[PDB]
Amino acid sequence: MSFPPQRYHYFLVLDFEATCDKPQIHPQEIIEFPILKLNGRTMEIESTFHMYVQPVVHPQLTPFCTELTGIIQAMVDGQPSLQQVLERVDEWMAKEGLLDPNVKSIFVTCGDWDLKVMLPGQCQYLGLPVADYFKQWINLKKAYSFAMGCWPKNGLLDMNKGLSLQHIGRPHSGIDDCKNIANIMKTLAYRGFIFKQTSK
């Protein structure tokens, strides 16, 4: 059955970008915070949250980081820091109607890094509580592996290859990564896949 009933009213696609360097910067800090709200049945994008985030420990973006992500210094200068962005997310969640206990939603990420490592690690560094809706998620690589019977090698690029999808936008742009996750999800649902929480 194409586009079966799903277990969630909405899927919240998320894919951070963070400060980085060669060798890696320490600590890393979130600089782009995108969320796509997908209709739970059709996987169509219905709303977008998108903020760049001002890094504080390493406030100047390295050449490497700007090359990797396309994010330039002017995009993070004058932005709120992560504490404020998380408060903006809460407000966005509330206005979207996602804070209703009877509206079921779940974050979807490519890998576990974003919500298993990046966000809790920075919130712990900053002394900030992590909102409970960030504590469960679907790892698309794992979902893809159940849907297709195989483990993708390199993330979104190989998942698009497996499904004959053209890449959307620029790799390592947070918002464009989110659109590819959404596109891959829509295809898995077309093939009949029912999504399930994978986080433990």
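Heads up: residue numbers just count along the shown sequence, starting at 1.
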(request) With reference to the PDB entry, specify whether the mean Cα temperature factor is higher for 25 to 33 or for 159 to 167. (result) 159 to 167
(message) If you average the CA temperature factors as listed in the entry, which stretch comes out higher, 108 to 116 or 123 to 131?
(response) 123 to 131
(message) Split into thirds by Cα B-factor across the chain's modelled residues, where does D77 land: lowest, middle or highest?
(response) highest
(request) Can you work out whether the C-alpha temperature factor of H50 puts it in the lowest, middle or highest third of the chain? (result) lowest
(request) Within this chain's modelled residues, let me know which third the CA B factor of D90 belongs to: lowest, middle or highest. (result) middle
(request) Consider only the C-alpha atoms of the modelled residues in this chain, order them by B-factor as the entry records it, and name the third containing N180: lowest, middle or highest. (result) lowest
(request) Name the third of the chain's ranked CA B-factors that contains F64, choosing lowest, middle or highest. (result) middle
